[PDB]
>>> print(open('data19.txt').read())   # compact mmCIF, C-alpha atoms and all ligand atoms
# COMPACT_ATOMS: atom_id res chain seq x y z
CA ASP T 926 -1.66 3.72 13.24
CA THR T 927 -1.80 0.54 15.26
CA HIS T 928 0.08 -2.41 13.78
CA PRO T 929 -2.54 -5.15 13.20
CA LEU T 930 -0.27 -8.03 14.29
CA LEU T 931 1.93 -6.39 16.92
CA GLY T 932 -0.72 -4.25 18.56
CA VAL T 933 -0.35 -1.50 21.13
CA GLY T 934 2.70 -1.29 23.37
CA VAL T 935 3.83 0.02 26.74
CA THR T 936 7.16 -0.14 28.54
CA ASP T 937 7.06 -1.80 31.97
CA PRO T 938 8.86 0.66 34.30
CA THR T 939 9.77 -2.07 36.78
CA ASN T 940 12.05 -3.99 34.38
CA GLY T 941 12.38 -1.89 31.19
CA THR T 942 10.70 -4.58 29.07
CA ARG T 943 8.43 -3.38 26.30
CA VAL T 944 5.16 -5.31 26.01
CA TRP T 945 2.52 -5.35 23.27
CA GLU T 946 -0.88 -7.02 22.97
CA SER T 947 -2.84 -7.56 19.78
CA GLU T 948 -6.24 -9.12 19.27
CA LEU T 949 -6.14 -11.73 16.52
CA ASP T 950 -9.15 -13.41 14.91
CA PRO T 951 -9.40 -15.58 11.80
CA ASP T 952 -11.41 -12.89 10.10
CA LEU T 953 -8.54 -10.34 10.56
CA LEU T 954 -7.17 -9.15 7.14
CA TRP T 955 -5.78 -12.25 5.12
CA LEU T 956 -5.16 -14.61 8.17
CA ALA T 957 -8.03 -16.98 7.10
CA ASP T 958 -6.10 -17.76 3.91
CA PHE T 959 -3.22 -19.48 5.75
CA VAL T 960 -4.45 -22.93 6.71
CA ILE T 961 -2.76 -26.16 7.80
CA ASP T 962 -4.87 -29.32 8.09
CA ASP T 963 -8.05 -27.18 7.92
CA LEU T 964 -6.95 -24.95 10.83
CA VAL T 965 -6.03 -21.27 10.51
CA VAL T 966 -2.41 -21.01 11.64
CA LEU T 967 -0.25 -17.94 11.92
CA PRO T 968 2.43 -18.09 9.20
CA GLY T 969 6.09 -18.04 10.12
CA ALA T 970 6.61 -14.84 8.16
CA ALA T 971 4.18 -13.03 10.46
CA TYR T 972 6.49 -13.60 13.42
CA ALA T 973 9.33 -12.05 11.42
CA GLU T 974 7.23 -8.94 10.79
CA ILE T 975 6.18 -8.76 14.44
CA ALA T 976 9.80 -8.85 15.60
CA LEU T 977 10.87 -6.13 13.14
CA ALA T 978 7.87 -3.98 13.99
CA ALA T 979 8.63 -4.36 17.71
CA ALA T 980 12.18 -3.05 17.28
CA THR T 981 10.93 -0.22 15.08
CA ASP T 982 8.31 0.80 17.64
CA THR T 983 10.91 0.77 20.43
CA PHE T 984 13.91 2.53 18.89
CA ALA T 985 14.06 5.68 16.81
CA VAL T 986 16.21 5.06 13.73
CA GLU T 987 16.16 7.29 10.64
CA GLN T 988 16.40 4.44 8.12
CA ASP T 989 13.65 2.69 6.14
CA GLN T 990 14.93 -0.81 7.04
CA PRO T 991 17.10 -0.40 10.16
CA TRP T 992 17.05 -4.05 11.22
CA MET T 993 17.88 -7.60 10.29
CA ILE T 994 16.74 -10.79 11.98
CA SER T 995 19.79 -12.70 13.16
CA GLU T 996 17.76 -15.70 14.34
CA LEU T 997 14.08 -16.50 14.67
CA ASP T 998 12.93 -19.65 16.29
CA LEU T 999 9.33 -20.93 15.58
CA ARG T 1000 8.70 -23.05 18.69
CA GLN T 1001 4.87 -23.81 18.63
CA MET T 1002 2.24 -23.42 16.01
CA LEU T 1003 -0.44 -20.82 16.71
CA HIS T 1004 -4.05 -21.74 15.92
CA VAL T 1005 -5.81 -18.45 15.23
CA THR T 1006 -9.19 -18.62 16.96
CA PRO T 1007 -11.64 -15.86 17.90
CA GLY T 1008 -10.39 -13.98 20.94
CA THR T 1009 -6.72 -14.85 20.48
CA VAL T 1010 -4.44 -12.35 22.22
CA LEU T 1011 -0.86 -12.18 21.00
CA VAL T 1012 1.61 -10.88 23.60
CA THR T 1013 5.02 -9.65 22.43
CA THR T 1014 7.97 -8.57 24.57
CA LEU T 1015 11.23 -6.87 23.69
CA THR T 1016 14.38 -6.50 25.75
CA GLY T 1017 17.73 -5.04 24.75
CA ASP T 1018 18.98 -1.94 22.97
CA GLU T 1019 19.24 -0.30 19.63
CA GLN T 1020 22.14 -2.55 18.54
CA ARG T 1021 20.71 -5.94 19.48
CA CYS T 1022 17.38 -6.86 21.07
CA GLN T 1023 15.45 -10.02 21.94
CA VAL T 1024 11.80 -10.51 21.04
CA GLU T 1025 9.45 -13.16 22.42
CA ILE T 1026 5.96 -13.83 21.05
CA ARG T 1027 3.40 -15.53 23.21
CA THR T 1028 -0.44 -16.14 23.38
CA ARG T 1029 -2.44 -15.49 26.72
CA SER T 1030 -3.46 -19.23 27.66
CA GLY T 1034 -0.54 -17.94 31.84
CA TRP T 1035 1.27 -17.72 28.52
CA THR T 1036 2.57 -20.04 25.77
CA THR T 1037 5.68 -19.11 23.76
CA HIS T 1038 5.33 -19.39 19.98
CA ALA T 1039 8.47 -17.72 18.67
CA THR T 1040 11.64 -15.98 19.78
CA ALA T 1041 13.84 -13.70 17.71
CA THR T 1042 17.15 -11.88 17.92
CA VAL T 1043 17.00 -8.58 16.04
CA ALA T 1044 20.09 -6.53 15.23
CA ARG T 1045 21.07 -3.47 13.25
CA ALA T 1046 20.97 -4.20 9.52
CA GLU T 1047 24.05 -5.18 7.58
CA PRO T 1048 24.09 -3.30 4.24
CA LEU T 1049 23.81 -5.16 0.97
CA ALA T 1050 27.31 -5.82 -0.30
CA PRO T 1051 28.30 -6.10 -3.97
CA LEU T 1052 30.85 -8.73 -2.87
CA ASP T 1065 21.30 -21.83 -16.60
CA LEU T 1066 19.00 -24.02 -18.65
CA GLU T 1067 15.54 -24.18 -17.11
CA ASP T 1068 12.47 -26.37 -17.10
CA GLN T 1069 9.21 -24.42 -16.90
CA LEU T 1070 6.74 -25.56 -14.24
CA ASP T 1071 3.04 -24.97 -13.66
CA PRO T 1072 2.23 -22.97 -10.49
CA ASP T 1073 -1.04 -24.90 -10.12
CA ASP T 1074 1.04 -28.05 -9.62
CA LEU T 1075 3.02 -26.41 -6.81
CA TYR T 1076 -0.11 -25.37 -4.93
CA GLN T 1077 -1.62 -28.83 -5.49
CA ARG T 1078 1.51 -30.46 -4.02
CA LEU T 1079 1.35 -28.13 -1.01
CA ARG T 1080 -2.36 -28.84 -0.43
CA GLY T 1081 -1.75 -32.57 -0.66
CA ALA T 1082 0.74 -32.08 2.17
CA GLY T 1083 -1.88 -30.22 4.28
CA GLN T 1084 -0.58 -26.71 3.47
CA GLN T 1085 -3.67 -24.87 2.21
CA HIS T 1086 -2.85 -21.40 0.90
CA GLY T 1087 -5.95 -19.37 0.11
CA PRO T 1088 -6.14 -16.69 -2.57
CA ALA T 1089 -4.28 -14.01 -0.64
CA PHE T 1090 -1.17 -16.25 -0.59
CA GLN T 1091 -1.35 -17.56 -4.17
CA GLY T 1092 1.30 -15.20 -5.47
CA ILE T 1093 3.42 -17.52 -7.60
CA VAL T 1094 2.34 -16.84 -11.18
CA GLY T 1095 5.28 -18.27 -13.10
CA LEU T 1096 7.66 -21.01 -12.14
CA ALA T 1097 10.77 -22.80 -13.41
CA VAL T 1098 13.52 -25.00 -11.99
CA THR T 1099 17.12 -25.10 -13.16
CA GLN T 1100 19.19 -28.18 -13.93
CA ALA T 1101 20.93 -27.67 -10.58
CA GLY T 1102 17.49 -27.78 -8.91
CA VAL T 1103 17.12 -24.09 -8.07
CA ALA T 1104 13.58 -22.71 -8.26
CA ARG T 1105 12.85 -19.41 -10.00
CA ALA T 1106 9.41 -17.84 -9.65
CA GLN T 1107 7.62 -14.80 -10.96
CA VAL T 1108 5.64 -13.42 -8.01
CA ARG T 1109 2.90 -10.90 -7.36
CA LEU T 1110 1.03 -9.77 -4.29
CA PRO T 1111 -2.68 -10.67 -4.61
CA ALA T 1112 -5.09 -7.79 -4.13
CA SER T 1113 -6.67 -9.42 -1.07
CA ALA T 1114 -3.30 -9.23 0.69
CA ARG T 1115 -2.87 -5.48 0.16
CA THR T 1116 -5.37 -3.87 2.59
CA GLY T 1117 -4.19 -3.21 6.12
CA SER T 1118 -0.49 -3.22 5.26
CA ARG T 1119 0.60 0.35 5.69
CA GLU T 1120 2.31 -0.44 9.03
CA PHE T 1121 4.34 -3.46 7.87
CA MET T 1122 8.10 -3.41 7.86
CA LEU T 1123 8.05 -6.72 5.95
CA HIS T 1124 4.81 -7.86 4.37
CA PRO T 1125 4.26 -11.41 5.72
CA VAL T 1126 2.21 -12.65 2.76
CA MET T 1127 4.93 -11.52 0.39
CA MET T 1128 7.73 -13.22 2.43
CA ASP T 1129 5.61 -16.42 2.52
CA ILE T 1130 5.18 -16.27 -1.28
CA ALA T 1131 8.94 -16.02 -1.63
CA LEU T 1132 9.35 -19.09 0.63
CA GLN T 1133 6.82 -21.08 -1.42
CA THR T 1134 9.43 -21.17 -4.19
CA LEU T 1135 11.31 -23.76 -2.12
CA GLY T 1136 8.47 -26.17 -2.90
CA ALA T 1137 9.58 -26.31 -6.54
CA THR T 1138 13.23 -27.21 -5.93
CA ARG T 1139 14.56 -30.63 -6.89
CA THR T 1140 14.91 -31.52 -3.21
CA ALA T 1141 11.26 -30.65 -2.64
CA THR T 1142 9.84 -32.49 -5.64
CA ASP T 1143 11.96 -35.58 -4.92
CA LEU T 1144 10.44 -35.68 -1.43
CA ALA T 1145 6.87 -35.42 -2.74
CA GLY T 1146 7.57 -37.96 -5.50
CA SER T 1158 3.05 -36.20 1.00
CA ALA T 1159 4.66 -34.97 4.23
CA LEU T 1160 4.06 -31.57 5.79
CA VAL T 1161 7.15 -29.37 5.74
CA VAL T 1162 7.10 -26.37 8.05
CA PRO T 1163 9.68 -23.71 8.90
CA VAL T 1164 11.10 -23.93 12.40
CA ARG T 1165 13.99 -21.44 12.19
CA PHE T 1166 15.09 -18.48 10.12
CA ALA T 1167 18.59 -17.08 10.23
CA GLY T 1168 19.84 -13.93 8.55
CA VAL T 1169 16.64 -12.30 7.36
CA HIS T 1170 17.74 -9.17 5.48
CA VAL T 1171 15.25 -6.54 4.30
CA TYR T 1172 16.55 -3.84 1.99
CA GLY T 1173 13.34 -2.22 0.79
CA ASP T 1174 9.59 -2.60 0.38
CA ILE T 1175 9.22 -6.28 -0.47
CA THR T 1176 5.78 -5.76 -2.01
CA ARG T 1177 7.74 -4.48 -5.03
CA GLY T 1178 9.21 -7.95 -5.46
CA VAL T 1179 8.60 -9.66 -8.79
CA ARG T 1180 11.17 -12.50 -8.86
CA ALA T 1181 12.07 -15.05 -6.20
CA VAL T 1182 14.92 -17.56 -6.40
CA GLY T 1183 15.05 -20.40 -3.88
CA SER T 1184 17.46 -23.25 -3.20
CA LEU T 1185 16.91 -26.16 -0.83
CA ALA T 1186 19.25 -28.82 0.56
CA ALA T 1187 18.79 -31.75 2.92
CA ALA T 1188 20.37 -31.46 6.38
CA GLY T 1189 19.88 -34.91 7.83
CA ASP T 1190 16.19 -35.22 8.67
CA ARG T 1191 15.64 -31.50 8.11
CA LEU T 1192 15.70 -29.20 5.09
CA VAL T 1193 17.62 -25.93 4.79
CA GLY T 1194 16.78 -23.30 2.18
CA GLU T 1195 17.84 -19.87 1.00
CA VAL T 1196 15.63 -17.36 -0.85
CA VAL T 1197 16.22 -14.01 -2.60
CA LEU T 1198 13.42 -11.68 -3.71
CA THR T 1199 14.25 -8.96 -6.26
CA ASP T 1200 12.38 -6.05 -7.81
CA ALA T 1201 11.85 -5.45 -11.53
CA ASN T 1202 15.31 -3.81 -11.76
CA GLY T 1203 17.12 -6.74 -10.17
CA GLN T 1204 17.51 -5.08 -6.75
CA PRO T 1205 17.43 -7.52 -3.80
CA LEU T 1206 14.61 -6.63 -1.44
CA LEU T 1207 14.56 -9.68 0.82
CA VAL T 1208 17.38 -12.16 1.44
CA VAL T 1209 16.80 -15.12 3.77
CA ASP T 1210 20.17 -16.77 4.45
CA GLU T 1211 18.72 -19.89 6.13
CA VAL T 1212 15.23 -21.26 6.42
CA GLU T 1213 15.29 -24.50 8.38
CA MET T 1214 12.28 -26.78 7.94
CA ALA T 1215 11.04 -29.81 9.82
CA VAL T 1216 9.39 -32.69 7.99
CA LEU T 1217 6.23 -33.97 9.64
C1 LIG T 1301 9.15 -29.31 0.80
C2 LIG T 1301 9.42 -27.86 0.64
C3 LIG T 1301 8.22 -27.07 0.98
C4 LIG T 1301 8.48 -25.61 0.98
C5 LIG T 1301 7.19 -24.76 1.10
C6 LIG T 1301 7.27 -23.66 2.15
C7 LIG T 1301 6.13 -22.62 2.00
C8 LIG T 1301 5.94 -21.83 3.28
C9 LIG T 1301 5.19 -22.66 4.30
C10 LIG T 1301 5.02 -21.97 5.59
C11 LIG T 1301 4.52 -22.78 6.73
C12 LIG T 1301 4.39 -22.12 8.04
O1 LIG T 1301 4.66 -20.96 8.06
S1 LIG T 1301 3.92 -23.02 9.19
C13 LIG T 1301 3.83 -21.84 10.58
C14 LIG T 1301 5.18 -21.46 11.06
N1 LIG T 1301 5.86 -22.57 11.67
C15 LIG T 1301 5.58 -22.98 12.88
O2 LIG T 1301 4.71 -22.50 13.52
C16 LIG T 1301 6.41 -24.15 13.46
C17 LIG T 1301 6.33 -24.08 14.97
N2 LIG T 1301 7.09 -25.17 15.55
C18 LIG T 1301 6.61 -26.36 15.90
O3 LIG T 1301 5.46 -26.62 15.87
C19 LIG T 1301 7.58 -27.36 16.57
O4 LIG T 1301 8.87 -26.88 16.50
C20 LIG T 1301 7.62 -28.76 15.92
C21 LIG T 1301 8.03 -28.64 14.49
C22 LIG T 1301 6.25 -29.41 16.00
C23 LIG T 1301 8.61 -29.61 16.76
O5 LIG T 1301 8.09 -29.53 18.09
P1 LIG T 1301 8.66 -30.20 19.47
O6 LIG T 1301 8.80 -29.16 20.66
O7 LIG T 1301 7.68 -31.08 19.97
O8 LIG T 1301 10.07 -30.60 18.79
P2 LIG T 1301 11.45 -29.64 19.08
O9 LIG T 1301 12.52 -30.45 19.72
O10 LIG T 1301 11.21 -28.59 20.05
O11 LIG T 1301 11.83 -28.79 17.94
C24 LIG T 1301 13.10 -28.34 17.62
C25 LIG T 1301 13.82 -27.54 18.69
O12 LIG T 1301 12.86 -26.48 19.16
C26 LIG T 1301 13.25 -25.91 20.61
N3 LIG T 1301 12.83 -25.89 22.15
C27 LIG T 1301 12.23 -26.50 23.17
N4 LIG T 1301 12.40 -25.76 24.21
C28 LIG T 1301 13.18 -24.76 23.90
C29 LIG T 1301 13.64 -23.79 24.64
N5 LIG T 1301 13.27 -23.84 25.89
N6 LIG T 1301 14.42 -22.83 24.13
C30 LIG T 1301 14.72 -22.87 22.80
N7 LIG T 1301 14.25 -23.90 22.04
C31 LIG T 1301 13.47 -24.84 22.62
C32 LIG T 1301 14.57 -26.57 20.73
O13 LIG T 1301 15.30 -25.68 19.90
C33 LIG T 1301 14.26 -28.07 20.22
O14 LIG T 1301 15.29 -28.96 20.73
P3 LIG T 1301 15.36 -29.04 22.49
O15 LIG T 1301 15.73 -27.89 23.19
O16 LIG T 1301 16.02 -30.17 23.15
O17 LIG T 1301 13.72 -29.12 22.88
>>> encode(input="data19.txt", output="structure tokens")
Amino acid sequence: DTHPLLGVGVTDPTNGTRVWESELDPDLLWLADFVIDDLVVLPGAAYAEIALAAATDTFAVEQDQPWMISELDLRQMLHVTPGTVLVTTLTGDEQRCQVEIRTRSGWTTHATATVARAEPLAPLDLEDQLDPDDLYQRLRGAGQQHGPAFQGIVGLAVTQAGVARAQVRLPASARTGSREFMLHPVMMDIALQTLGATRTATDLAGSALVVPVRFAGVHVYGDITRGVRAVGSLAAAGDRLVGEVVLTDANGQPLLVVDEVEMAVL
């Protein structure tokens, strides 16, 4: 019943802080399939799941998706090596809490997140088809090496306005070990990959490594492994890039909405 990324938790009686430790290894589940410059790196989406799982393990709430991520900061890349120990802390209350994700070196901080009670979903184009193989080739040429578990874009198009629209699926090798996820990281990453097909992205490659450094307004309305369509838009913000992605199910219901994904260009 133990979450494979968050691990097992205790509350420190001397300060009220909840603390978890998990043992990570490159052979754990699908982690080996997320590679940057030949090194196994923990994907940004995994930190989002860890923060949501931490809140869910701390507070009793009788809702399937009680939380949103107000802000998540990705401060330092994590190289997943044998014997890695991920240390998560949570402070706060059932309305708003602060999560910090570290590795045992002392400790190094990899991500911080503010988690809050979910805001409900409110009710208030000509295309050019693209080849998904070309997207993954562009990403690999930039040093972003998604293995089979992450190769979930199976159809792709871009609108005249430069918005990317993808048909998505969760590869079988990403499905084991997922029962405990609030937000399936591989699925969230697949949704983000759509940003690589926007006009802004292809103009930049027409390369440099583009990595997420901040998420704001991550909304989860259901089980995102039911997602079949992702729509992503990307704009320049000075030397950075800012995107927005929506993942919907086969009946058009939004499952995941990321209001801002801020990326650095290396
Ligand atoms: C093309 C389309 C493709 C689209 C295709 C997309 C498909 C999905 C691809 C997914 C890829 C990944 O998931 S990659 C894995 C997830 N991403 C990551 O791990 C990125 C982790 N972050 C980083 O490595 C770093 O931020 C890095 C980018 C190298 C910049 O590092 P530096 O510290 O050296 O530079 P910084 O100044 O710190 O970075 C920005 C700010 O970070 C913070 N920082 C420093 N100390 C801080 C502090 N004490 N408290 C808060 N923040 C602090 C401050 O906010 C900084 O300003 P100051 O306060 O003054 O310091």
>>> residues_around(input="data19.txt", residues="residue T:928", least_positions_apart="3", cutoff="8 Å", atoms="only C-alpha atoms", output="ChimeraX atom specification")
/T:931-933,978,1120-1121
>>> residues_near_ligand(input="data19.txt", ligand="ligand LIG 1301 (chain T)", cutoff="9 Å", atoms="only C-alpha atoms and all ligand atoms", output="PyMOL selection string")
chain T and resi 959-961+966-972+998-1003+1038-1040+1079+1082+1084+1086+1128-1138+1140-1145+1159-1165+1185+1192+1194+1214-1217
>>> write_last_selection(input="data19.txt", atoms="C-alpha atoms", output="compact mmCIF listing (two decimals), in the coordinates of the input")
# COMPACT_ATOMS: atom_id res chain seq x y z
CA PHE T 959 -3.22 -19.48 5.75
CA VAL T 960 -4.45 -22.93 6.71
CA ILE T 961 -2.76 -26.16 7.80
CA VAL T 966 -2.41 -21.01 11.64
CA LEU T 967 -0.25 -17.94 11.92
CA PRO T 968 2.43 -18.09 9.20
CA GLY T 969 6.09 -18.04 10.12
CA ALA T 970 6.61 -14.84 8.16
CA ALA T 971 4.18 -13.03 10.46
CA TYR T 972 6.49 -13.60 13.42
CA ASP T 998 12.93 -19.65 16.29
CA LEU T 999 9.33 -20.93 15.58
CA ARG T 1000 8.70 -23.05 18.69
CA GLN T 1001 4.87 -23.81 18.63
CA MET T 1002 2.24 -23.42 16.01
CA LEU T 1003 -0.44 -20.82 16.71
CA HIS T 1038 5.33 -19.39 19.98
CA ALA T 1039 8.47 -17.72 18.67
CA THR T 1040 11.64 -15.98 19.78
CA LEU T 1079 1.35 -28.13 -1.01
CA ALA T 1082 0.74 -32.08 2.17
CA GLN T 1084 -0.58 -26.71 3.47
CA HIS T 1086 -2.85 -21.40 0.90
CA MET T 1128 7.73 -13.22 2.43
CA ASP T 1129 5.61 -16.42 2.52
CA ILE T 1130 5.18 -16.27 -1.28
CA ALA T 1131 8.94 -16.02 -1.63
CA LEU T 1132 9.35 -19.09 0.63
CA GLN T 1133 6.82 -21.08 -1.42
CA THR T 1134 9.43 -21.17 -4.19
CA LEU T 1135 11.31 -23.76 -2.12
CA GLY T 1136 8.47 -26.17 -2.90
CA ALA T 1137 9.58 -26.31 -6.54
CA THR T 1138 13.23 -27.21 -5.93
CA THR T 1140 14.91 -31.52 -3.21
CA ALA T 1141 11.26 -30.65 -2.64
CA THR T 1142 9.84 -32.49 -5.64
CA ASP T 1143 11.96 -35.58 -4.92
CA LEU T 1144 10.44 -35.68 -1.43
CA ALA T 1145 6.87 -35.42 -2.74
CA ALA T 1159 4.66 -34.97 4.23
CA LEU T 1160 4.06 -31.57 5.79
CA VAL T 1161 7.15 -29.37 5.74
CA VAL T 1162 7.10 -26.37 8.05
CA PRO T 1163 9.68 -23.71 8.90
CA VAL T 1164 11.10 -23.93 12.40
CA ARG T 1165 13.99 -21.44 12.19
CA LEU T 1185 16.91 -26.16 -0.83
CA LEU T 1192 15.70 -29.20 5.09
CA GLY T 1194 16.78 -23.30 2.18
CA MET T 1214 12.28 -26.78 7.94
CA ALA T 1215 11.04 -29.81 9.82
CA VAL T 1216 9.39 -32.69 7.99
CA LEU T 1217 6.23 -33.97 9.64
>>> atom_distance(input="data19.txt", atom1="atom CA of residue T:1070", atom2="atom CA of residue T:1203")
21.9 Å
>>> atom_distance(input="data19.txt", atom1="atom CA of residue T:974", atom2="atom CA of residue T:1085")
21.1 Å
>>> closest_residue(input="data19.txt", among="T:1023, T:1014, T:940, T:1028", to="residue T:996", atoms="only C-alpha atoms")
T:1023
>>> atom_distance(input="data19.txt", atom1="atom CA of residue T:1088", atom2="atom CA of residue T:1106")
17.1 Å
>>> residues_around(input="data19.txt", residues="residue T:945", least_positions_apart="2", cutoff="12 Å", atoms="all atoms listed in the file", output="PyMOL selection string")
chain T and resi 927-937+942-943+947-948+975-976+978-980+982-983+1010-1015+1024-1029
>>> closest_residue(input="data19.txt", among="T:1199, T:1069, T:1042, T:1016", to="residue T:1108", atoms="all atoms listed in the file")
T:1199
